[PDB]
Number of protein chains: 10
Amino acid sequence: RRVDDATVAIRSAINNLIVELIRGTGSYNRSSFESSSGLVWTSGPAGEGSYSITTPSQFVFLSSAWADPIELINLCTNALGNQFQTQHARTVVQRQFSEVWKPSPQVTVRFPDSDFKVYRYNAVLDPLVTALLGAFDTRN
Amino acid sequence: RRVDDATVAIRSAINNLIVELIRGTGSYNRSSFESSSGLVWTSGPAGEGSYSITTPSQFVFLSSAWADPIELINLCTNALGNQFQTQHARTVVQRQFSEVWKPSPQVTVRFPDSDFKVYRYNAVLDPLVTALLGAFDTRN
Amino acid sequence: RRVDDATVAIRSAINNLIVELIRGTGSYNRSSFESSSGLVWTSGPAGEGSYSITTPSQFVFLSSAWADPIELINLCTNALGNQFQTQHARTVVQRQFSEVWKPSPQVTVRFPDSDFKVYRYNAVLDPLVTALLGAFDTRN
Amino acid sequence: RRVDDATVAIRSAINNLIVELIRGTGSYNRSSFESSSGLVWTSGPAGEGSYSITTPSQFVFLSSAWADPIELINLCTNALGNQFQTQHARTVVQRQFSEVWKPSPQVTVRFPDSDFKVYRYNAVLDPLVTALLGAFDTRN
Amino acid sequence: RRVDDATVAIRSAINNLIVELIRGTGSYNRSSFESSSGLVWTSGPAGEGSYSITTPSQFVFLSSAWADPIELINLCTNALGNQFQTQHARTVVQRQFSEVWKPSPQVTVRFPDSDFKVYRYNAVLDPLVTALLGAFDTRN
Amino acid sequence: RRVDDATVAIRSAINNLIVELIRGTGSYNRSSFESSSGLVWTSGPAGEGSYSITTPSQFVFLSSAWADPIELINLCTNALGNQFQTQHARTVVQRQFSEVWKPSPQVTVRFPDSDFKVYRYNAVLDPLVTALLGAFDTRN
Amino acid sequence: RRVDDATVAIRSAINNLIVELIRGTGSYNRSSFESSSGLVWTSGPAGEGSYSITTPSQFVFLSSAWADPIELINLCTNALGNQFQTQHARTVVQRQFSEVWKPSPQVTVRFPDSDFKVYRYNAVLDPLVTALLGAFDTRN
Amino acid sequence: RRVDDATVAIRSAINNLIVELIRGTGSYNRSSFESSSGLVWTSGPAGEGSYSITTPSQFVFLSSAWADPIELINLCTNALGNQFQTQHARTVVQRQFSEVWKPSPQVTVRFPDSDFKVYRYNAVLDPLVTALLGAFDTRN
Amino acid sequence: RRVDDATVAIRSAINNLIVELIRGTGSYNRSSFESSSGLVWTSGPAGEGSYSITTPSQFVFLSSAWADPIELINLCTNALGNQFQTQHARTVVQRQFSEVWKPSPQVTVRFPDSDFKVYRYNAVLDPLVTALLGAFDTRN
Amino acid sequence: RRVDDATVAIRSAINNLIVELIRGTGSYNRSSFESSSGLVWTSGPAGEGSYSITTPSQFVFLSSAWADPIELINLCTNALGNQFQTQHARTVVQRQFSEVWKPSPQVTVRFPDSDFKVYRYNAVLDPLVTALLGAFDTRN
Ligand code: HEM
Ligand code: HEM
Ligand code: HEM
Ligand code: HEM
Ligand code: HEM
Ligand code: HEM
């Protein structure tokens, strides 16, 4: 009797994450990333460079917390077509939603010039992703 | 006693999706796609090209979220003649409705010249397809 | 005790479909098809040709949704003489009513010159066929 | 306790069909068939010919829906002497009443010159034959 | 407790059929047959001939619905001395009362010159024979 | 292990009957029947007549031993496609091959004017039909 | 251990039938049918006509022994992709190969004007179809 | 112990089909199809037309025996990565290799203008596809 | 006792594929792809274009048969650290090695300008990938 | 009796890897990496840059195939003190030896300026690491 509630909660979390991903919120380019994080890129001699860390909070921006937008929305699309009545599908898509966040900007690696990335800890996407990952945590 | 409710819900979702697909809503050609998505095709040197991304929301338009109209309506027709009292048919047609959405427009691939495509995240078709995919998620 | 209700519902749906097929409703020749679908056939160079698509809804007219009238009415006649108390007969005749709809008009294939075809998504036949296919979806 | 009701219903349906067959209703020769169905036989070049279809309803007249009167009344006579308490006899005589309807008039095959035929979808015989075929659909 | 009722009903039906057969009702010679059926015999070239059919109801007169009076009354006499408490006797004598009706007059075969025949569908014998054949349809 | 031998024997008998029916042997019209049977038709007063019996052997020609050629060859065709590993199919097609023989010529009924009939006791067809009917007599 | 042999025999029979159907052998139009069967079509008054029967063997040509070439080769193609290890597939495709033979030429119905038909008892196709129908007759 | 042999045979058949598909053999365009099949396209009045059938062998070319080359080679690629130790995968990929053959050229529908098609009954591909479909027929 | 052999075979196939991937064989850029496949890219007006197909073999080059080299070698690295004694790991890494091949060049989509891709049907990599995918097909 | 052999093989592989890691073989800095891989770093505008790929083999150098030397030798030290008689320890340390290889040089990320990295596919370390990962693949 709890599997139905688990399925409904999973679907609701996926739909809310999809609603916010459609509007594009939580997606950053180089400009928005370096502006909102306060990280300034200095291009030392000659082919490398580095970000100037001013507060430790910026370290969150340099963690494994970025995913490709197309990959993430495709993951949502394919997840909506799963048998969440089963524990196996829940485990698999939970691991998929957890592992999709990879690092892109680092202390010595500048944010990509033209690509966009999805921030795991964006103020709007963070609660949705947290509730989504928590919705799979229901066993029988 | 829940299999009957699952069957009725599945049939209702299929009927609603069919009702909206008959009117052609959610179907895009190159003109309507590039108009509603805001994506402008620039023809870089020389035989290729790319879409100009102005907001990250447009990434949803470039995901795996497009299906052939004839294939989709034939899928609906053939799905309406299944024994949804069985779990096997539910799983199979759920996978069919989930995998019918493939990518067609990409960052370096312009929308097809003359063909039409069905948008998974069209404002009208999105809730119907979501409810349809969720209706199969009922096990015994 | 539900098999009796399933049998009665199946028989009623078959009888209603028969009543509307007898009156000839939902049957199209080349003239009526090209008139009601708005598809105009242009005879391009030189021995072939194509239909001019003006709205995407017309794609439903070009799907696998056409059946021979005599074949369909014979299917109904022979189906009325089945043991629908059994699940096997229900499954078999459901598959028969689902697979009888084949494609005939296409974008590059004109509607047959003299034959008649039954439209799966005719405004009158659509609910009858839907209710018929749903009546077989009852198991024990 | 339902086998008695099934037997009584089967016998009542057979008796009603017999009552209407005794009066000769639903029997057509070439003249009455081609007059009441509106099908006009045109003798194309040179030794053959075809019926001219003016409305699609006429297709019902060209289906597998004709039986020999003597064969049908003999089937009724022999059916009245069966043990309908058994499911096997019900199934067998249901198949017999279903297979007695064969095609005689076709698009390229004219109605027989002198014989008479019984119309499965005659306005009077249709409900009786339908109820008869449905009366056998009772299991225990 | 139902076998006694079945036996009593069978005996009552046999007694009623016997009562009407004793009076000779439902027995026809060539004169009475050709008078009551309206069938007129024309002697075509040269040693044969045929009946002139004026209405299709007459076809019932030419079916397998005729029995020898002596054979039928002997069948009744011997049937009254059976153990109808058993299902076997019921089945056997039901088949005997069903198979006694054979064809004798046909479209191209005139009624026998001097013999008498019993008409299965005589207005008086029809309900009695029907009720008799139906009385055997009782199992335990 | 005996059902395989029974199946092979049944198929061989059906094939032999088919081979001899293809050549048309054992098929009679009025001329060949009245010539080979020695029965002479005298046209007594006035529209009827009778055959003049000269030897009692001719009585075999007047028994229930005639079948329509097309019906018989169709019976063979459909019988070749049965599951004779099962007892049910063997019993059913045995009864079908036994009941197809009906009477046509009688002492007071001349052979049909234009039709053909198959003689059950034709010198060639008799052993084939006998072996066929005997091949089904194998049970477990 | 016998199911493997049954499967191999079924596949071999289907392959041989396909090999001979590819070359078109056993396929007849009106000219070849009326030439090889000896049946001469006389166009009686006025839009109909009849075949002149000279020997009873010709009745085989007028039986239910004709199939559409495209339908038959499609049946073979789809049958080659079945699980013949199962009895169900064997029974079903045996019934399909048995029922594909329908009547087309009759005594009062001339061979179709332009279509082609496959002769069930053609000298080359007869043994292949017989062996095919017999190969399915293996149960456990 | 037989599942290993079945798997090896399946893999060998898939590899052989891939070997011949890589070289492109058995693939036809409009030119090669109309040249090797002998079918000549006449452009009747006015926007349609038809193929002129000169021998019945050409009917094989007009059956459901054509597949897209890219779809077929992708099917082979994905099939090579299955767990053929299981019966389910064997059944599924057998159905996939059986259903990939669809009709494209018809009597009134010319071969596609620019596309290519794979001929199920090409002299080289026919035995390979037959052996492939037959290799899956191994159960326990 | 067969799981050890299965593990050893899997490891040997992975090591051979790794040996050939280290040398870079089977990797193509735009130049090598368009040179070895014979496909010539024409840049029609204005932002799109197409490849000119000269033989059907080239269709293999346009299928879903390309993988990123880094992704493929990382897949090999991670696969070498699995518990192939278990069936689950075998199934998972088999599906991973089967699904890693995606399409990149198409008829209307030119090969990427600067990236490299791994050809599934390269003359050297094809047997190794086939043997690798077949090595996982061993169950207990 | 196989767990002892598995333990001995695991310990031997760890000892061989340790023997080669002590001598420092397979460890690269920026100079040795860019010398042995042939990858030349070009400093595009302005603070970033990229490696110039001349042959596809170099892609192996840019995969997830690098580990910190101290982390790897500490992993070996701590692994030598495990209870490899248990399956759990084998699985865990196998995953540890598989996941220690991470990417460090990328197409747009130059090799670290002063740190050292251990190359998974070094000519000497490759067989040792492969045999080590394979030694854990023994279950009971
Ligand atoms: C018992 C649990 C089973 C599960 C979880 C299962 C799962 C699946 C899945 C995931 C598919 C793919 C559907 C798609 O790609 O759209 C499928 C297809 C299929 N399965 Fe099963 N299956 C089961 C049992 C069976 C069995 C026992 C049979 C046959 C004996 C069977 C027959 C088929 C067939 C014929 C298809 C192909 C349907 C199509 O045309 O796409 N299934 N099944
Ligand atoms: C137990 C589960 C069974 C299932 C799910 C099943 C399913 C099917 C299906 C899907 C068809 C095809 C219907 C069509 O294409 O219109 C069919 C046909 C058929 N089956 Fe079964 N079947 C079962 C058992 C059996 C058995 C055990 C037998 C015989 C011993 C049988 C006899 C037949 C026959 C004779 C047909 C042909 C019906 C026709 O003429 O169209 N079935 N069945
Ligand atoms: C147990 C399940 C059985 C089923 C589902 C079954 C089914 C059928 C069917 C479908 C027919 C064809 C009826 C027609 O074509 O109108 C038939 C006929 C027949 N069956 Fe069975 N049968 C069963 C048992 C048996 C058995 C065990 C026997 C004999 C030992 C038997 C004897 C016959 C006979 C004699 C006929 C011929 C009826 C006629 O003349 O039309 N049946 N049965
Ligand atoms: C158990 C189920 C049985 C059934 C369904 C059955 C069925 C039949 C049928 C259909 C007839 C032919 C009736 C007619 O043509 O008028 C008959 C006659 C007969 N049966 Fe049975 N039978 C059964 C058992 C038996 C047994 C076990 C015996 C003997 C040990 C037996 C002895 C006879 C006899 C002697 C006749 C001849 C009746 C006559 O002279 O007309 N029956 N039965
Ligand atoms: C018992 C039967 C099982 C079957 C038939 C099965 C089937 C599958 C399939 C088809 C995949 C997809 C692999 C891919 O897409 O590459 C998968 C992945 C996976 N399964 Fe299972 N599974 C089973 C048991 C389990 C169990 C019991 C667990 C965990 C308790 C599990 C954990 C996983 C995980 C973590 C993945 C993700 C692998 C990846 O990263 O791609 N599996 N499984
Ligand atoms: C019975 C089957 C079991 C399996 C297949 C299994 C599998 C695994 C796996 C895959 C890891 C990850 C290793 C890594 O990331 O390097 C792990 C770690 C671990 N497991 Fe298990 N486990 C099992 C049972 C248990 C149980 C019952 C316990 C404790 C009661 C346990 C205690 C641990 C611990 C403490 C770790 C952390 C090791 C570390 O420091 O990385 N395991 N196990």
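Residues numbered from 1 in each chain as written, not as in the entry; some residues may be left out. Chains lettered and ligands numbered in written order. Part of a larger assembly, values for the part shown. Heavy atoms only, no water.

According to UniProt, the comment filed for chain A under the heading Function is "Capsid protein self-assembles to form rod-shaped virions about 18 nm in diameter with a central canal enclosing the viral genomic RNA." In the Subcellular location part of its UniProt record, chain A is described as follows: "Virion". (UniProt positions renumbered as here; feature names shortened; annotations may be inferred.)

S.K.: Help me understand the overall build of chain A, please; the structure alone is not making it clear to me.
M.R.: Within chain A one finds five helices and five strands. From first element to last, N terminus to C terminus, chain A shows the α and β order α-β-α-β-β-β-α-α-β-α. Principal-axis analysis of the C-alpha atoms places the extent of chain A at approximately 65 × 25 × 25 Å. In chain A, which comprises 140 residues, the share counted as buried stands at 48%. For chain A, the computed accessible surface area is about 6,600 Å², with 51% contributed by carbon and sulfur atoms. Charge-centre separation for chain A: the mean point of 12 positive side chains lies 7 Å from the mean point of 12 negative side chains. (Helix = DSSP H or I, 4+ residues; strand = E, 2+ residues; numbered from the N terminus. Buried < 20%, exposed > 50% of the residue type's maximum accessible area, 1.4 Å probe, protein only. Areas by Shrake-Rupley, 256 points an atom, 1.4 Å probe, with all protein chains shown as cover. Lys, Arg positive; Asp, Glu negative; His and termini not counted. Charge placed at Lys NZ, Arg CZ, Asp CG, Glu CD.)

S.K.: So what exactly am I meant to see when it comes to the site of ligand 4 here?
M.R.: Residue and element names in this part refer to chain E. For ligand 4, the full set of nearby residues is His88, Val92, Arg95 and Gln96. Contact between ligand 4 and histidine 88: a nitrogen atom at 2.8 Å from a side-chain N or O atom of the residue. Taking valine 92, its main chain carries an N or O atom lying 3.4 Å from an oxygen atom of ligand 4. Looking at side-chain class alone, the shell around ligand 4 contains one nonpolar, two polar and one charged residues. (Near = heavy atom within 4 Å. Polar contact = N/O pair within 3.5 Å; in protein donor to acceptor, adjacent residues only side chain to side chain. Nonpolar A, V, L, I, M, F, W, Y, C, P; charged D, E, K, R; others polar.)

S.K.: Help me understand the coordination of the iron atom of ligand 2, please; the structure alone is not making it clear to me.
M.R.: Tetrahedral coordination by four donors places them ideally at 109.5 degrees to one another around the metal; octahedral coordination by six donors ideally gives 90 or 180 degrees. Around the iron atom of ligand 2, the protein contributes the donor atoms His88 of chain C (NE2) and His88 of chain G (NE2), which lie 2.6 Å from the metal centre. Each of the six donor atoms bound to the iron atom of ligand 2 contributes to angles spanning 76 to 178 degrees, and the resulting shape is octahedral. With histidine 88 of chain C in helix α4 (residues 87-99) and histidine 88 of chain G in helix α4 (residues 87-99), this pair bridges two chains. Comparing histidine 88 of chain C with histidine 88 of chain G, the two get one shared label, exposed. (Donors = N, O, S within 2.8 Å, 3.2 Å for Na, K, Ca; no water. Tetrahedral: all angles 85-135°; square planar, octahedral: opposite > 155°, others 65-115°.)

S.K.: When you look at the interface of chain I and chain B in this model, what are you seeing that I'm missing?
M.R.: How large an interface is tends to be reported as the accessible area lost when its parts come together. Contacts between the two partners involve nine residues from chain I and, on the opposite side, nine residues from chain B. Across the chain I/chain B interface, buried area totals approximately 590 Å², and carbon plus sulfur atoms make up 45% of it. For the chain I face of the interface with chain B, the top three residues by lost area are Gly47, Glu48 and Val109 of chain I, together amounting to 64%. Inspection of the region where chain I meets chain B yields four salt bridges. The partner of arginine 30 of chain I in a salt bridge is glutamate 48 of chain B, and the shortest N-O contact between them spans 2.9 Å. Applying the counting criterion to the chain I and chain B interface returns four residue pairs in polar contact. Grouping the constituent residues of the side of chain I that touches chain B by class yields three nonpolar, three polar and three charged. (Contact = heavy atoms within 4.5 Å. Buried area = accessible area lost by both parts, 1.4 Å probe. Salt bridge = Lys/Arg side-chain N within 4 Å of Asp/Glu carboxyl O.)

S.K.: Would you mind going over the sheet that holds strand β4 (residues 66-67) of chain C with me for this structure?
M.R.: Working definition: the strands of a sheet are paired by backbone hydrogen bonds and lie parallel or antiparallel to each other. Residues and elements named next belong to chain C. Spatially, β1-β5-β4 is the arrangement adopted by the three strands of the open sheet, whose pairing is antiparallel. Of all the strands in the sheet, the pair left with one neighbour each is β1 (27-28) and β4. Pairing geometry for β1 and strand β5 (residues 117-119), over two bridges, is antiparallel. Note that in β5 the partner of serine 27 across the bridge is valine 118. (Pairing = 2+ DSSP bridges.)

S.K.: Any chance you could explain the interface of chain A and chain B here in plain terms?
M.R.: Every contact between the two is made by 25 residues of chain A and, on the other side, 23 residues of chain B. Carbon and sulfur atoms supply 57% of the area buried between chain A and chain B, which totals about 2,000 Å² over both sides. Run the count over chain A and chain B and you get two salt bridges. For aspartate 4 of chain A, the salt bridge identified is with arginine 2 of chain B, shortest N-O distance 2.7 Å. Along the contact surface separating chain A from chain B lie 11 residue pairs in polar contact. Mapped by element, the contributors of at least two residues to the side of chain A that touches chain B are α1 (2-22) and α3 (69-79) of chain A. No other element matches the seven residues that α1 of chain A contributes to the side of chain A that touches chain B.

S.K.: So what exactly am I meant to see when it comes to unusual backbone geometry here?
M.R.: Across residues other than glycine, the phi torsion is negative in most instances, and most of the peptide bonds are trans. In the segment running from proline 45 of chain A into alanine 46 of chain A, the intervening peptide bond is cis, with an omega of 0 degrees. Structurally, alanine 46 of chain A can be placed in the loop between β2 (40-42) and β3 (50-52).

S.K.: When you look at the relation of the copies chain I and chain B in this model, what are you seeing that I'm missing?
M.R.: The second copy of the chain is related to the first by a rotation about an axis and a shift along the axis. Overlaying chain I with chain B gives an RMSD of 0.2 Å, the required rotation being 179 degrees about an axis along which the chain moves by 0.2 Å. When the rotation and shift are considered jointly, the pair of chain copies conforms to a two-fold rotation axis. In this assembly, 100% of the residues forming the interface of chain I have copies in chain B that are likewise at the interface, indicating an isologous arrangement. (Least-squares fit on C-alpha atoms.)

S.K.: What am I meant to see in the nonpolar core here?
M.R.: Side chains of nonpolar character tend, in soluble globular proteins, to be buried together. Judged by nonpolar contacts, the single largest core of 190 residues is most densely connected at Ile14 and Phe97 of chain F, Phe97 of chain G, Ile14 and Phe97 of chain H, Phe97 of chain I together with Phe97 of chain J. Ignoring sequence-local partners within four residues, the contact set of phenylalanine 97 of chain I consists of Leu17, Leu72, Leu75, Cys76, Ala79, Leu132, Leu133 and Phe136 of chain I. (Core = buried A, V, L, I, M, F, W, Y, C linked by side-chain atoms within 4.5 Å.)

S.K.: Help me understand helix α5 (residues 125-135) of chain G, please; the structure alone is not making it clear to me.
M.R.: In an α-helix, one full turn covers 3.6 residues, which means residues spaced three or four apart are oriented alike. Of all 11 residues in α5 of chain G, eight are buried; the element is thus mostly enclosed. Of the positions making up α5 of chain G, those classed as buried are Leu125, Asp126, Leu128, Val129, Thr130, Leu132, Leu133 and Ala135 of chain G. On its buried side, α5 of chain G packs onto α1 (2-22) of chain F together with α1 (2-22), α4 and β5 (117-119) of chain G.

S.K.: Whenever I open this one, the pattern of salt bridges confuses me. Can you help?
M.R.: Pairs may arise between side chains of opposite charge once their charged atoms sit close together. Summed over all chains, the structure comprises 72 salt bridges over all chains. Of the charged contacts, one joins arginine 11 of chain H and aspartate 137 of chain I as a salt bridge, the two residues approaching to 2.8 Å between their closest N and O atoms. Of this pair, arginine 11 of chain H sits in helix α1 (residues 2-22) while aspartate 137 of chain I sits in the segment after α5 (125-135), placing the two residues on different chains. Where salt bridges share partners, they join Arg30, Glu34, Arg110 and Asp113 of chain A together with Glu48 of chain J into one cluster.

S.K.: Could you clarify how one ought to interpret the arrangement of the chains in this entry?
M.R.: Of all C-alpha pairs spanning chain D and chain J, none lies closer than 54 Å, and the two are not in contact. The two units chain E and chain J are non-contacting; their minimal C-alpha-C-alpha distance is 62 Å.

S.K.: Would you take a moment to explain the sheet that holds strand β1 (residues 27-28) of chain E for this structure?
M.R.: Within the open sheet, the three strands sit side by side as β1-β5-β4 (chain E). Their pairing is antiparallel. Either end of the sheet is taken by a strand with one partner, and the two such strands are β1 and β4 (66-67) of chain E.

S.K.: I would appreciate a short explanation of a nonpolar patch on the surface in the present structure.
M.R.: Residues and elements named next belong to chain A. A cluster of nonpolar side chains, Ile53, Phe59 and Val107, forms an exposed patch at the surface whose accessible area comes to about 240 Å². Structurally, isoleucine 53 is set in the loop between β3 and β4 (66-67). Since its relative accessible area comes to 34%, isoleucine 53 is described here as partly exposed. (Patch = residues over 30% accessible without salt bridge, like charges linked within 9 Å, V, L, I, M, F, W, Y side chains within 5 Å.)

S.K.: Would you explain the side chain of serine 64 of chain D in this entry?
M.R.: Mapped onto the elements, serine 64 of chain D comes out in the loop between β3 (50-52) and β4 (66-67). At 2.8 Å, the side chain of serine 64 of chain D forms a polar contact with the backbone oxygen of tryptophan 101 of chain D. The contacts of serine 64 of chain D, once residues within four sequence positions are left out, are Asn74 and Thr77 of chain C together with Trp101, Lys102 and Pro103 of chain D.

S.K.: Would you mind showing me how to read the environment of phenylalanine 33 of chain G here?
M.R.: Residue and element names in this part refer to chain G. With respect to the helices, strands and loops of the structure, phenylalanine 33 is situated in helix α2 (residues 30-36). You can call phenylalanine 33 buried: its relative accessible area is 0%. Separated by 83 residues in sequence, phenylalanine 33 and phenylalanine 116 place their C-alpha atoms 9.6 Å apart.

S.K.: What is the right way to look at the packing of aromatic side chains in this model?
M.R.: All names here are of chain A. Counted by the stated rule, this structure contains 138 aromatic pairs over all chains. A network of ring pairs unites the aromatic residues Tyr28, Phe33, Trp41, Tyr51, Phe61, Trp66, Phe111, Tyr119 and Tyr121 as a single cluster. The ring of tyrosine 121 carries the charged tip of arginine 120 above its face, separated from the ring centre by 5.2 Å. (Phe/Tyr/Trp six-rings, centres within 6.5 Å; stacked < 30°, edge-to-face > 60°. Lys NZ or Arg CZ within 6 Å of the ring centre and 35° of its normal.)

S.K.: Any chance you could explain the side chain of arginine 30 of chain C here in plain terms?
M.R.: Along the chain, the position of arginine 30 of chain C falls in helix α2 (residues 30-36). Residue classification places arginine 30 of chain C among the buried residues on the basis of a relative accessible area of 14%. Apart from the residues within four sequence positions on either side, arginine 30 of chain C is in contact with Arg110, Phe111, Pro112 and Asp113 of chain C together with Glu48 of chain H.

S.K.: I keep staring at the packing of helix α1 (residues 2-22) of chain C against helix α3 (residues 69-79) of chain C and nothing clicks. Help me out?
M.R.: Packed helix pairs are characterised by how far apart their axes lie and by the angle those axes make with each other. All names here are of chain C. Relative orientation of the contacting elements α1 and α3 amounts to 145 degrees, with a least axis distance of 10 Å. When the axes of α1 and α3 are compared, the crossing they make is left-handed. Within the contact between the two elements, α1 uses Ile14, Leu17, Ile18 and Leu21 and α3 uses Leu72, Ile73, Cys76 and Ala79. Per-class residue counts for the contact of α1 with α3 are eight nonpolar, no polar and no charged. (Axes fitted to C-alpha atoms, helices over the stretch in contact; angles between N-to-C directions. Left-handed = near helix turned anticlockwise from the far one by under 90°.)

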